[PDB]
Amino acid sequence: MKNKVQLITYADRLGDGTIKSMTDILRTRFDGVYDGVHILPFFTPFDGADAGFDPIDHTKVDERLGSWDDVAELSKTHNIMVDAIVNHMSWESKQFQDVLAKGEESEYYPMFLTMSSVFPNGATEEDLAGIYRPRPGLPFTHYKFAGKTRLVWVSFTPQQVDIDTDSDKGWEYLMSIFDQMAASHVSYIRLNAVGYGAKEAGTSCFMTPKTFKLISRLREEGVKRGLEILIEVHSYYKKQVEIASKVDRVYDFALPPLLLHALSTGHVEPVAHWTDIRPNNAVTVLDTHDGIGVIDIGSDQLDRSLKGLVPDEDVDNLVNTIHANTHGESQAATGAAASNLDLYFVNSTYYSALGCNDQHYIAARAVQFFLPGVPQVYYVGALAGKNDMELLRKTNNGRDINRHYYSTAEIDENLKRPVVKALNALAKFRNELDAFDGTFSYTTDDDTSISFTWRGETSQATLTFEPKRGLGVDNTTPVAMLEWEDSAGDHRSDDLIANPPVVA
């Protein structure tokens, strides 16, 4: 995966509302800034309950958005990342509809998992109780095959039926997705919900050996088509290091909340700790299309005794710090959970989570770009967007607070702001300076300061980070100094907004 900054965006929420318009905005307004892009699900349909992650036909672009040729067109300039939903598919798909009509006579009957598929011999209470769950209840719902009532395995919603990833039809389906991705010259594949993709009795059915056997089989099938794979997994941070050592690339879900903590308090030990242990085969982010994950830093869900990178109280304070900085907007968006250790995510834009503080925000991006891994910037964050209460009150969907529809007018208006111009100049710096293709090193004091250093062939750069120097939502004190060496010798920048860095 190229070591340049990528953009995460919906096709219809960045420009006129299509892949062509998205590609236009990308090329015209962000040349040299984002040379790659993760296009969020654009299949048939894209405007369902789960905003593209519940497609009926994974193989077909939503004709309202464009076509696969638009993807191929965009590939001539930008590396493209796309989601591959491997765990499940729509019950409205023709494959599953056929199983309902024809039952065991159906061509696709082996393609879908049932309780019998995994538990031919009966299941105990411990068998079903130990299954890892992202959603409440048991992962089963009622469907009638021909006329016989059956318990179909469903990890998320009853409308998304899990497929047998070891069956021929299920695998044939996954390869139809891969073949279309490779046909349109997609570079990277984000394997959605792959952690649940393998079921075996007696296990949690989440990241078991059979799961790593599936990821490796999908890897080899991908390279055979020129496709690199990436796994998305939210879990306890020690499981994250375990997983990252067995796969090609993972997400760094710990950093976003860790930077919210450090910018809220000033304590940099948790960040220095994470820097030392984190997997470096990662994709770094601050915001995503979902809420801010706090589970990731992050007591274990099943066994509270395993403590995260900060005490449970600092996790509670982090959730409440977001509620305060947004003045209750994220409360309206986040459904209460009685306690904050029971929260998965907090719904708010990352800019608003910082109280819209420019100095704090640019610093967070700077740290993101200076840690090993390929950085991504979510489109709302690329525009330093605030929470969208109107869409939230229209759709009643919590995550829409961080999914604003940006017309080309709104993009060019927000492009006039200095914080936006600083981020663009920062990504260009991150892409243009060849120091980042070299070797990484870091130093720390104790709690006040931490310095991130990259030294390459023709260039060097160091980022020092002192959140102590400026505390408060309304504090304008720069908390990140930058020094770097290039063709024009040694240079410095003590303010990354007013004095954004440039390369020779």
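Just count from 1 along the sequence shown to find any residue number.
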(request) Report the stretch with the higher mean CA temperature factor, choosing between 119-127 and 148-156 on the basis of the entry. (result) 119-127
(request) Would you determine, from the values in the PDB entry, which of 462-470 and 30-38 has the greater average C-alpha temperature factor? (result) 462-470
(request) Sort 349, 216, 339, 176 by C-alpha B-factor from the entry and give me just the highest. (result) 339
(request) Check the PDB entry and point out which of 265, 180, 376, 325 has the largest C-alpha temperature factor. (result) 265
(message) Per the entry's values, where does residue 20 land by CA temperature factor relative to the rest of its chain, in the lowest, middle or highest third?
(response) middle
(request) Among all modelled residues of this chain, ranked by Cα B factor, put residue 228 in the bottom, middle or top third, i.e. lowest, middle or highest. (result) lowest
(message) Considering every modelled residue of the chain and its Cα B-factor in the PDB entry, is residue 7 in the lowest, middle or highest third?
(response) lowest
(message) Per the entry's values, where does residue 132 land by CA temperature factor relative to the rest of its chain, in the lowest, middle or highest third?
(response) middle
(message) How does the C-alpha B factor of residue 59 compare with the rest of the chain: lowest, middle or highest third?
(response) lowest
